[PDB]
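Topology and contacts: notes
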Amino acid sequence: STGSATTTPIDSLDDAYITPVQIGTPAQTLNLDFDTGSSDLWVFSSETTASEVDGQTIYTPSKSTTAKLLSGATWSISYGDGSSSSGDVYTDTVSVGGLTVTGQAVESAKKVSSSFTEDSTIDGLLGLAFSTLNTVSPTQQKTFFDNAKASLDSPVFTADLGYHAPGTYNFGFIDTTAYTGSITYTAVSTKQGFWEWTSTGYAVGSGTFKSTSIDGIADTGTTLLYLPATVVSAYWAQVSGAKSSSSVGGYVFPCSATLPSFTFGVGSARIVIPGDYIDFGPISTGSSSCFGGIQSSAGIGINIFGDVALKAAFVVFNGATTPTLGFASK
């Protein structure tokens, strides 16, 4: 089997991407944030504290003839950005882009933190990291991808995120029309439960490539590119007037600037992030200070190849017995 679904930016900055997902019988379609940095499929629901729901579409398990309470199971997750959610668990039929999994754990939120409530466009998350990170207790649950894997034509999914435009998540096949040149594959460590890999270096604009190992995670659920302070300083030093602002929470730059590109290495291959992808616009409406898309990972504890990086590539998440990651230009 295979599946193919379009993923759409939630706003004009590509802060996140939503993908329609069918849950239950008859189908209830919710728009979920596909997150290769976590491993829980959770949704706003009929059980979510009413004051914490503001415009989201909810899953109502009592209206699904295939929903079953997973008795005694609870979940609770805290994300890197300080957001969180928790609740109980149903199993139900879940379909993405024509690919169907029966008996998928659907984690129903009883509580969500303010950042979730405030984002009316995201109805929940669909985790695509390794199932070892799943938070369901006392019986850990599998991700949608792990459950689908054995049925898929090939045990892979691909992320093809757009810059200020829709893109595609495919399951079970590699669309050879979706990228240019060849796909370069690189080793993955699953020791922390992430799609963790080592970039071979970077360049800023038309500058020379610096060969250096950068260990990080491919994370579709993180907006920005978070890299070591040395690398990030070297980038922003090429933008007149750019500076790190503790009050704003990162590097800012004059909105009048033209940003240089940023290149990262994948083996001997190179992925080029155009400068425009690094512009996250005014820090507040009408401001002439703009927020940068490359930020320091110092004090995160891990480097994160988030959407800024991933959207510049066609990315293969290869879930074979020895997982790997592939990157192609597009």
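Residues numbered from 1 in each chain as written, not as in the entry; some residues may be left out. Heavy atoms only, no water. Residues with missing side-chain atoms left out of burial classes, pairs and counts.

Per the deposition metadata, X-ray crystallography was the technique used to determine this entry, at a resolution of 1.24 Å.

As recorded by the PDB entry, the chain carries the name Endothiapepsin and is attributed to Cryphonectria parasitica. What the PDB entry is called, per its title line, is "Endothiapepsin in complex with fragment 164". In its Sequence similarities section, the UniProt entry covering the chain states "Belongs to the peptidase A1 family." (UniProt positions renumbered as here; feature names shortened; annotations may be inferred.)

Residue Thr-25 is joined to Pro-26 through a cis peptide bond whose omega torsion reads -10 degrees. Relative to the assigned elements, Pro-26 resides in the loop between β2 (17-23) and β3 (28-35). Of note, the bond from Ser-137 into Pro-138 is cis; its omega dihedral lies within 30 degrees of zero at 5 degrees. Positive phi is not limited to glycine here, since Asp-14 has a value of about 60 degrees. Among the secondary structure elements, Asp-14 is positioned in the loop between β1 (3-9) and β2. The class for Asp-14 is buried, based on a relative accessible area of 0%. (Helix = DSSP H or I, 4+ residues; strand = E, 2+ residues; numbered from the N terminus. Buried < 20%, exposed > 50% of the residue type's maximum accessible area, 1.4 Å probe, protein only.)

So, on to the sheet that holds strand β16 (residues 250-254). Spatially, four strands are ordered β15-β16-β20-β19 in an open sheet, and the strand pairing comes out antiparallel. At either margin of the open sheet sits one strand with a lone partner, and together these are β15 (243-245) and β19 (279-282). Averaged over all pairs of adjacent strands, the angle between strand axes in this sheet comes to 40 degrees, irrespective of strand direction. One ladder, built from two bridges, connects β19 with strand β20 (residues 289-292); its direction is antiparallel. By the bridge assignment for β20, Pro-282 is matched with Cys-290. (Pairing = 2+ DSSP bridges. Axes fitted to C-alpha atoms, helices over the stretch in contact; angles between N-to-C directions.)

Moving on, we come to the domain arrangement of the chain. For the chain, the assigned domains read domain 1 (5-174) and domain 2 (175-330). The interface of domain 1 with domain 2 comprises 29 residues on the first partner and 33 residues on the second. Buried surface at the junction of domain 1 and domain 2, both sides included, amounts to about 2400 Å², of which 58% is carbon and sulfur. Three residues stand out in domain 1 for area buried against domain 2, namely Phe-130, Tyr-163 and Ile-174, and they jointly supply 28% of the buried area on that side. The interface formed by domain 1 and domain 2 contains two salt bridges. One salt bridge in this structure joins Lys-330 and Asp-160, with 2.8 Å as the shortest N-O distance. Taken together, the connections running from domain 1 to domain 2 amount to 17 residue pairs in polar contact. For the side of domain 1 that touches domain 2, the element with the highest residue contribution is strand β9 (residues 156-160), accounting for five residues. Class assignment for the residues of the side of domain 1 that touches domain 2 results in 18 nonpolar, six polar and five charged. (Domains from an automatic or database assignment. Contact = heavy atoms within 4.5 Å. Buried area = accessible area lost by both parts, 1.4 Å probe. Salt bridge = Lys/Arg side-chain N within 4 Å of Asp/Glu carboxyl O. Polar contact = N/O pair within 3.5 Å; in protein donor to acceptor, adjacent residues only side chain to side chain. Nonpolar A, V, L, I, M, F, W, Y, C, P; charged D, E, K, R; others polar.)

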